[PDB]
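Chemist: Sharing protein-v1.cif (mmCIF, C-alpha atoms) below.
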data_data
#
loop_
_atom_site.label_atom_id
_atom_site.label_comp_id
_atom_site.auth_asym_id
_atom_site.auth_seq_id
_atom_site.Cartn_x
_atom_site.Cartn_y
_atom_site.Cartn_z
CA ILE A 25 18.34 -28.19 -37.39
CA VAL A 26 16.98 -29.61 -34.14
CA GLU A 27 14.55 -32.10 -35.65
CA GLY A 28 14.93 -35.40 -33.81
CA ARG A 29 17.82 -33.82 -31.92
CA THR A 30 18.31 -34.07 -28.16
CA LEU A 31 19.51 -30.94 -26.38
CA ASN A 32 21.46 -30.81 -23.14
CA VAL A 33 19.72 -28.28 -20.92
CA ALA A 34 21.17 -26.79 -17.73
CA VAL A 35 18.75 -25.45 -15.10
CA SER A 36 18.93 -24.20 -11.53
CA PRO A 37 15.24 -24.18 -10.49
CA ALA A 38 14.93 -21.78 -7.57
CA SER A 39 13.64 -18.69 -9.40
CA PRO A 40 9.81 -18.82 -9.26
CA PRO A 41 7.82 -18.45 -11.37
CA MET A 42 10.41 -18.59 -14.16
CA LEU A 43 11.59 -22.03 -13.04
CA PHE A 44 11.03 -23.87 -9.78
CA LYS A 45 9.75 -27.12 -8.27
CA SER A 46 6.36 -27.93 -6.80
CA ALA A 47 5.97 -29.83 -3.52
CA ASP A 48 5.96 -33.11 -5.44
CA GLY A 49 9.35 -32.18 -6.89
CA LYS A 50 8.06 -31.49 -10.40
CA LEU A 51 10.07 -28.98 -12.43
CA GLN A 52 7.88 -26.15 -13.76
CA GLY A 53 7.47 -22.52 -14.77
CA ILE A 54 7.56 -19.95 -17.57
CA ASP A 55 10.94 -21.02 -18.95
CA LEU A 56 10.01 -24.68 -19.21
CA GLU A 57 6.64 -23.92 -20.81
CA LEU A 58 8.35 -21.70 -23.39
CA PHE A 59 11.18 -24.05 -24.31
CA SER A 60 9.17 -27.27 -24.21
CA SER A 61 6.65 -25.63 -26.59
CA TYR A 62 9.53 -24.73 -28.89
CA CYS A 63 10.68 -28.35 -28.84
CA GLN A 64 7.18 -29.66 -29.56
CA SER A 65 7.23 -27.48 -32.66
CA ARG A 66 10.72 -28.40 -33.86
CA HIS A 67 10.45 -32.03 -32.75
CA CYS A 68 13.40 -31.97 -30.36
CA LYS A 69 13.88 -33.49 -26.91
CA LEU A 70 15.35 -32.13 -23.68
CA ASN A 71 17.94 -33.79 -21.45
CA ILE A 72 17.72 -31.64 -18.32
CA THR A 73 20.40 -31.53 -15.61
CA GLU A 74 19.98 -29.54 -12.39
CA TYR A 75 22.91 -27.39 -11.23
CA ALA A 76 23.65 -24.75 -8.63
CA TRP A 77 23.42 -21.26 -10.14
CA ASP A 78 27.09 -20.93 -11.08
CA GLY A 79 27.17 -24.52 -12.35
CA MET A 80 24.35 -23.74 -14.77
CA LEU A 81 25.96 -20.59 -16.19
CA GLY A 82 29.30 -22.40 -16.33
CA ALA A 83 27.88 -25.32 -18.31
CA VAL A 84 26.32 -23.19 -21.01
CA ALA A 85 29.38 -20.91 -21.15
CA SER A 86 31.70 -23.90 -21.72
CA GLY A 87 29.41 -25.52 -24.26
CA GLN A 88 28.82 -28.48 -21.92
CA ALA A 89 25.14 -27.50 -22.16
CA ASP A 90 23.37 -26.48 -25.39
CA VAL A 91 20.74 -24.42 -23.58
CA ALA A 92 20.21 -22.98 -20.09
CA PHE A 93 17.23 -21.35 -18.40
CA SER A 94 15.99 -20.32 -14.93
CA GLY A 95 15.04 -16.63 -15.22
CA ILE A 96 18.49 -15.65 -16.51
CA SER A 97 19.27 -11.93 -16.95
CA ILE A 98 20.82 -10.85 -20.25
CA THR A 99 23.95 -8.99 -19.12
CA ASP A 100 26.91 -7.56 -21.08
CA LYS A 101 29.30 -9.79 -19.14
CA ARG A 102 27.31 -12.95 -19.91
CA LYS A 103 26.85 -12.02 -23.58
CA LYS A 104 30.61 -12.32 -24.11
CA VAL A 105 30.43 -16.07 -23.47
CA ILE A 106 26.77 -16.97 -24.01
CA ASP A 107 24.23 -16.29 -26.80
CA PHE A 108 20.77 -15.16 -25.63
CA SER A 109 17.29 -15.21 -27.14
CA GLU A 110 15.42 -11.96 -27.46
CA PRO A 111 14.00 -11.07 -24.03
CA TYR A 112 10.68 -12.56 -22.90
CA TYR A 113 10.35 -10.21 -19.93
CA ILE A 114 11.39 -6.67 -18.94
CA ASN A 115 12.62 -7.01 -15.37
CA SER A 116 13.00 -4.72 -12.32
CA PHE A 117 15.16 -5.21 -9.18
CA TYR A 118 13.70 -4.45 -5.71
CA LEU A 119 15.44 -3.82 -2.39
CA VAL A 120 13.21 -5.57 0.14
CA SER A 121 12.93 -5.52 3.95
CA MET A 122 10.69 -7.18 6.52
CA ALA A 123 7.43 -5.21 6.80
CA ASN A 124 8.09 -4.32 10.45
CA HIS A 125 11.57 -2.97 9.67
CA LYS A 126 10.85 0.58 8.59
CA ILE A 127 13.67 1.37 6.19
CA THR A 128 12.87 4.51 4.18
CA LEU A 129 15.11 5.05 1.16
CA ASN A 130 15.16 8.56 -0.34
CA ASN A 131 18.05 7.97 -2.73
CA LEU A 132 21.11 5.81 -3.38
CA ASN A 133 23.26 7.80 -0.92
CA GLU A 134 21.35 6.11 1.88
CA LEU A 135 22.24 2.48 1.04
CA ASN A 136 25.63 2.39 2.77
CA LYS A 137 24.29 2.01 6.29
CA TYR A 138 22.43 -1.23 5.46
CA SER A 139 23.49 -4.80 4.74
CA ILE A 140 22.38 -5.95 1.28
CA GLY A 141 22.19 -9.64 0.32
CA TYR A 142 21.24 -11.90 -2.60
CA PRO A 143 22.13 -15.23 -4.27
CA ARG A 144 25.77 -15.73 -5.27
CA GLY A 145 26.46 -15.33 -8.98
CA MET A 146 23.33 -13.28 -9.76
CA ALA A 147 23.23 -10.05 -11.76
CA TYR A 148 22.85 -7.75 -8.74
CA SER A 149 26.65 -7.89 -8.47
CA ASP A 150 26.98 -6.28 -11.90
CA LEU A 151 24.57 -3.51 -10.97
CA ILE A 152 26.60 -2.77 -7.85
CA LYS A 153 30.02 -3.05 -9.48
CA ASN A 154 29.06 -0.86 -12.45
CA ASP A 155 26.38 1.57 -11.23
CA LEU A 156 26.65 1.95 -7.45
CA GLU A 157 30.28 1.34 -6.51
CA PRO A 158 31.86 3.97 -8.83
CA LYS A 159 29.53 6.59 -7.33
CA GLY A 160 30.29 5.47 -3.78
CA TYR A 161 26.72 4.32 -3.06
CA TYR A 162 27.70 0.77 -2.12
CA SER A 163 30.61 -1.63 -2.25
CA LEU A 164 30.62 -5.19 -3.55
CA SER A 165 32.87 -6.00 -0.58
CA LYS A 166 29.95 -5.31 1.76
CA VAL A 167 27.31 -7.60 0.23
CA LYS A 168 26.15 -10.85 1.81
CA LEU A 169 25.89 -13.76 -0.63
CA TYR A 170 23.70 -16.86 -0.32
CA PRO A 171 23.18 -20.12 -2.23
CA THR A 172 19.58 -19.28 -3.26
CA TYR A 173 16.72 -16.85 -2.67
CA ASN A 174 15.47 -19.17 0.08
CA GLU A 175 18.58 -18.75 2.27
CA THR A 176 18.58 -15.01 1.52
CA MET A 177 14.99 -14.76 2.76
CA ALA A 178 15.82 -16.79 5.85
CA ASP A 179 18.40 -14.18 6.95
CA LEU A 180 15.94 -11.40 6.16
CA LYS A 181 13.34 -13.14 8.35
CA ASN A 182 15.57 -13.62 11.40
CA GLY A 183 16.89 -10.07 11.24
CA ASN A 184 20.48 -10.91 10.25
CA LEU A 185 20.14 -9.12 6.90
CA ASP A 186 18.59 -5.63 6.42
CA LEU A 187 17.71 -5.69 2.71
CA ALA A 188 17.44 -8.45 0.13
CA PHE A 189 17.96 -7.71 -3.58
CA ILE A 190 15.05 -9.52 -5.28
CA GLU A 191 13.83 -9.31 -8.88
CA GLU A 192 10.19 -8.37 -9.36
CA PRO A 193 8.61 -11.75 -10.28
CA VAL A 194 10.32 -13.53 -7.38
CA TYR A 195 9.33 -10.72 -4.98
CA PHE A 196 5.69 -11.10 -5.97
CA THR A 197 5.89 -14.87 -5.52
CA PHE A 198 7.17 -14.46 -1.94
CA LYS A 199 4.84 -11.61 -1.06
CA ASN A 200 1.57 -12.59 -2.76
CA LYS A 201 1.72 -16.35 -3.31
CA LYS A 202 3.61 -17.30 -0.15
CA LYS A 203 2.18 -14.38 1.88
CA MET A 204 5.53 -13.45 3.47
CA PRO A 205 5.37 -10.13 5.40
CA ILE A 206 7.98 -8.31 3.29
CA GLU A 207 7.91 -4.85 1.60
CA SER A 208 9.91 -3.26 -1.21
CA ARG A 209 11.79 -0.14 -0.07
CA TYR A 210 13.43 0.84 -3.37
CA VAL A 211 12.80 -0.13 -7.01
CA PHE A 212 15.24 -0.20 -9.94
CA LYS A 213 12.58 0.04 -12.65
CA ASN A 214 12.97 -1.87 -15.96
CA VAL A 215 16.74 -2.12 -15.62
CA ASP A 216 16.96 -5.77 -16.69
CA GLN A 217 15.77 -8.30 -19.29
CA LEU A 218 15.27 -12.07 -19.04
CA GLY A 219 16.10 -14.48 -21.86
CA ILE A 220 16.88 -18.10 -22.70
CA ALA A 221 20.64 -18.87 -22.85
CA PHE A 222 22.43 -20.89 -25.57
CA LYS A 223 26.02 -22.03 -26.07
CA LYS A 224 28.03 -19.47 -28.04
CA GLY A 225 27.44 -19.88 -31.78
CA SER A 226 24.41 -22.14 -31.42
CA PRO A 227 21.95 -22.09 -34.35
CA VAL A 228 19.30 -23.03 -31.80
CA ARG A 229 19.40 -19.41 -30.54
CA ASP A 230 18.43 -18.15 -34.00
CA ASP A 231 15.70 -20.74 -34.52
CA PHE A 232 14.27 -20.11 -31.04
CA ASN A 233 14.15 -16.40 -31.94
CA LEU A 234 12.22 -17.41 -35.07
CA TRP A 235 9.79 -19.44 -32.97
CA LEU A 236 9.23 -16.53 -30.58
CA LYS A 237 8.26 -14.40 -33.59
CA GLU A 238 6.03 -17.12 -35.04
CA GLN A 239 4.18 -17.15 -31.72
CA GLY A 240 3.98 -13.36 -31.50
CA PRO A 241 4.12 -10.94 -28.53
CA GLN A 242 0.60 -11.63 -27.24
CA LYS A 243 1.06 -15.39 -27.01
CA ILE A 244 4.44 -15.03 -25.27
CA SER A 245 3.25 -12.31 -22.87
CA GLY A 246 0.20 -14.47 -22.16
CA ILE A 247 2.38 -17.40 -21.14
CA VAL A 248 4.48 -15.12 -18.94
CA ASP A 249 1.45 -13.47 -17.32
CA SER A 250 -0.35 -16.76 -16.64
CA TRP A 251 2.48 -17.74 -14.27
CA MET A 252 2.70 -14.36 -12.56
CA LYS A 253 -0.94 -14.56 -11.45
#
What is this file in structure tokens?
Modeler:
Amino acid sequence: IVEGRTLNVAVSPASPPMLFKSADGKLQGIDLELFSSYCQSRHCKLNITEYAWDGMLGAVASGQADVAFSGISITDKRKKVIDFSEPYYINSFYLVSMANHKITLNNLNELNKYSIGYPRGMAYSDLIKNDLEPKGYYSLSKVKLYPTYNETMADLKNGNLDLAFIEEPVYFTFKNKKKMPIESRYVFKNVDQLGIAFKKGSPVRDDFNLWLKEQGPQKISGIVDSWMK
């Protein structure tokens, strides 16, 4: 159903290695390798537009875009307005400090005394609103929000922010690829899943799921792992 068809794709490429830009400004990452391989198989073409994070989710939710990707978490809230592929990665969320800032976290009752920050519109808000706030561990009203992970890290680096909420693959990019002196202090293990997003009702979601299964788990996991070092 996509043969010869051109799809409008919304991205917001500041989530390495799922989707990001090299120095030369070239778009790249797991998500692009996956979806461009799908299109090579089904003979479709991509018309890619870059948005801010909320602009990307908005475009696929309204049907302005046919497809969206940039390491997008499959959440209950988003599923009401967006159709997702099966997950290509089981994700974990870390609370991260500078290495010289010795924050020891025994349990969730200890979060309240610290500032927590992350990119506006990301799924950390859901975790807080649904899992931490009701138990009195933290309040959404106390979080610091930023445009991207880069501005979040900048406030971590200068000491303005105590803890950044950073998903595992991005954390490893900053720590191991970029060699930033940061350390996880708490891990929410396997609490999340990443998928490709499609406009509600899109048959492309179903056919992409078919393609994922044609490829098989080892091929997909191999693509994912190749990018995560």
Chemist: Residues within 8 Å of residue A:28, please, as a compact mmCIF listing (two decimals) with C-alpha atoms, in the coordinates of the input. Count only C-alpha atoms; anything in the same chain fewer than 4 positions from it doesn't count.
Modeler:
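This is the output file result13.txt:
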# COMPACT_ATOMS: atom_id res chain seq x y z
CA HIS A 67 10.45 -32.03 -32.75
CA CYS A 68 13.40 -31.97 -30.36
CA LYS A 69 13.88 -33.49 -26.91
Chemist: At a cut-off of 9 Å, using only C-alpha atoms, what residues contact residue A:195? Leave out same-chain residues fewer than 6 positions from it and give the result as a ChimeraX atom specification.
Modeler: /A:118,120,206-208
Chemist: Give the answer as one residue: which of A:172, A:226, A:154, A:116 has the shortest atom-to-atom distance to residue A:142, using only C-alpha atoms?
Modeler: A:172
Chemist: If we count all atoms listed in the file and set the cut-off at 12 Å, which residues sit around residue A:160, ignoring sequence neighbours fewer than 2 positions away in its own chain? Please answer as a ChimeraX atom specification.
Modeler: /A:132-136,152-158,162-164
Chemist: Taking all atoms listed in the file into account, which of A:48, A:90, A:249, A:191 comes nearest residue A:227?
Modeler: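 Checking each of A:48, A:90, A:249, A:191 against residue A:227, counting all atoms listed in the file, the winner is A:90.
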Chemist: Near residue A:250, counting all atoms listed in the file, which residues have an atom at most 12 Å away, once you skip same-chain residues fewer than 2 positions from it, shown as a ChimeraX atom specification?
Modeler: /A:41-42,53-54,57,242-248,252-253
Chemist: How would the residues just picked look written out with C-alpha atoms as a tab-separated table (two decimals), in the frame of the given file?
Modeler:
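Below is the file result-v8.tsv, written as the result:
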chain	number	residue	atom	x	y	z
A	41	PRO	CA	7.82	-18.45	-11.37
A	42	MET	CA	10.41	-18.59	-14.16
A	53	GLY	CA	7.47	-22.52	-14.77
A	54	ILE	CA	7.56	-19.95	-17.57
A	57	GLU	CA	6.64	-23.92	-20.81
A	242	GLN	CA	0.60	-11.63	-27.24
A	243	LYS	CA	1.06	-15.39	-27.01
A	244	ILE	CA	4.44	-15.03	-25.27
A	245	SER	CA	3.25	-12.31	-22.87
A	246	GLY	CA	0.20	-14.47	-22.16
A	247	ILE	CA	2.38	-17.40	-21.14
A	248	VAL	CA	4.48	-15.12	-18.94
A	252	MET	CA	2.70	-14.36	-12.56
A	253	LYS	CA	-0.94	-14.56	-11.45
Chemist: Calculate how many Å separate atom CA of residue A:98 from atom CA of residue A:200, rounding to one decimal.
Modeler: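 Computed distance, atom CA of residue A:98 to atom CA of residue A:200, equals 26.1 Å.
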Chemist: Got a sec to resolve the PyMOL selection byres ((chain A and resi 211) around 10) on this structure and send the residues as JSON, numbers by chain?
Modeler: {"A": [116, 117, 118, 119, 120, 129, 189, 190, 191, 192, 208, 209, 210, 212, 213, 214, 215]}
Chemist: Applying 9 Å and all atoms listed in the file, which residues near residue A:25 remain after dropping the ones on its own chain fewer than 6 positions away? List them as an mmCIF file with C-alpha atoms, keeping the file's coordinate frame.
Modeler:
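The result, stored in selection07.cif:
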data_model
loop_
_atom_site.group_PDB
_atom_site.id
_atom_site.type_symbol
_atom_site.label_atom_id
_atom_site.label_comp_id
_atom_site.auth_asym_id
_atom_site.auth_seq_id
_atom_site.Cartn_x
_atom_site.Cartn_y
_atom_site.Cartn_z
ATOM 1 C CA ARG A 66 10.720 -28.400 -33.860
ATOM 2 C CA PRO A 227 21.950 -22.090 -34.350
ATOM 3 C CA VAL A 228 19.300 -23.030 -31.800
ATOM 4 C CA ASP A 231 15.700 -20.740 -34.520
#
Chemist: Report the residues retrieved by the PyMOL selection byres ((chain A and resi 224) around 10) from the displayed file, expressed as a PyMOL selection string.
Modeler: chain A and resi 84-87+90-91+103-108+221-223+225-227+229
Chemist: Quick one: which residues end up in the PyMOL selection byres ((chain A and resi 232) around 9) for this structure, as an NGL selection string?
Modeler: :A and (59 or 62 or 109-110 or 220 or 227-231 or 233-237)
Chemist: Calculate how many Å separate atom CA of residue A:219 from atom CA of residue A:92, rounding to one decimal.
Modeler: 9.6 Å
Chemist: How far is it from atom CA of residue A:188 to atom CA of residue A:123, in Å with one decimal?
Modeler: 12.5 Å
Chemist: Taking into account only C-alpha atoms, which residue in the set A:60, A:184, A:44, A:251 is nearest to residue A:196?
Modeler: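 Of A:60, A:184, A:44, A:251, the one nearest residue A:196, counting only C-alpha atoms, is A:251.
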Chemist: Nearest to residue A:176 among A:94, A:121, A:128, A:149, with distances taken over all atoms listed in the file: which residue is it?
Modeler: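 Closest candidate: A:121.
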Chemist: Given the choices A:27, A:55, A:186, A:150, which gets closest to residue A:113 if the distance is worked out from only C-alpha atoms?
Modeler: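 Smallest distance to residue A:113 is found for A:55.
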Chemist: Of the residues A:93, A:75, A:173, A:198, which is the one nearest to residue A:143, using all atoms listed in the file?
Modeler: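 Smallest distance to residue A:143 is found for A:173.
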Chemist: Enclose the full set of atoms of stretch 36-52 of chain A listed in the file within a box whose edges lie along x, y and z, apply 8 Å of padding to each of the six sides, and report centre and edge lengths in Å to one decimal as lines of an AutoDock Vina configuration file.
Modeler:
center_x = 12.4
center_y = -25.8
center_z = -8.8
size_x = 29.0
size_y = 30.7
size_z = 26.6
